[PDB]
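> Coordinates for the following, if possible.
(one chain, ligands or ions: 1)
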Amino acid sequence: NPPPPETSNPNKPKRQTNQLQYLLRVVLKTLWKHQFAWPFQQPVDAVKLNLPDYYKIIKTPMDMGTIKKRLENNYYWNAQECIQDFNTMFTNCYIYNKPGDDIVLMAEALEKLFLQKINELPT
Ligand SMILES: COc1ccc2c3c1Oc1ccc(OCc4ccccn4)cc1C=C3N(C)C2=O
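Residues are numbered from 1 along each chain as shown. Next up is the structure itself:
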């Protein structure tokens, strides 16, 4: 396994916005409870999961556990930066797998819910 993505970075400027607070309190914490959230709650453990090719294919890994800790640490400058991490997590799943795979069906459902929730953000 590679090191998991950073959740803090002292030379990166931090910020807290109403939209970033909403991304943690509403968007992430609601998605987290979905029946299909479990594969996305932690970095992929390629040793545990017997996926020795995972990080040969996926070069920008991302997961909701990382995103959660980034939000908690005020790691992001703005909501768009956090949204990009969700999108990277979903696209990684489509890249590493195949259409119709169980894990892909899960990501597709979570992505739809994610889009529903970010359609309207606080001002
Ligand atoms: C062949 O299996 C796959 C195949 C592809 C993918 C994955 C697979 O498997 C997982 C198994 C477990 C797991 O986590 C187990 C767990 C997590 C939380 C609570 C309880 N149990 C996460 C994943 C995440 C995956 N992602 C992102 C994939 O693209």
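
> Please count neighbours and contacts with C-alpha atoms only from this point.
Fine.

> tell me the SS of whichever residue of the chain sits closest to the ligand?
The ligand sits closest to residue 39 of the chain, with a gap of 3.5 Å, by CA to the nearest ligand atom. Three-state call for residue 39 (DSSP: H, G, I helix; E, B strand; the rest coil): helix.

> what's the distance between the closest residue to it other than its chain neighbours and residue 76?
Nearest residue to residue 39, sequence neighbours excluded (CA to CA, 6 or more residues apart in numbering): residue 103, at 7.8 Å. Using CA to CA, to the nearest Å, residue 103 is found at 28 Å from residue 76.

> which one of these two has more residues nearby?
residue 76 (22 against 16; other CA atoms under 10 Å).

> Quick check, the more buried one in contact with residue 9.
No: contact criterion CA atoms under 8 Å: residue 76 and residue 9 do not qualify, at 10.1 Å.

> And the helices in the protein?
Secondary structure of the chain (DSSP state H): helices located at 18-22, 29-31, 46-49, 54-57, 64-72, 79-96, 102-118.

> how about the ones you listed, which one is nearest residue 1?
helix 46-49 (6.0 Å; CA to CA).

> neighbouring contacts of the closest one?
1, 52, 53, 54, 55 (CA atoms under 8 Å, 6 or more residues apart in numbering).

> ok, now stretch 103-118?
Identification of contacts with stretch 103-118 by CA under 8 Å, 6+ apart yields 23, 27, 31, 34, 36, 37, 39, 90, 93, 94, 97, 98.

> Perfect, I'm done here.
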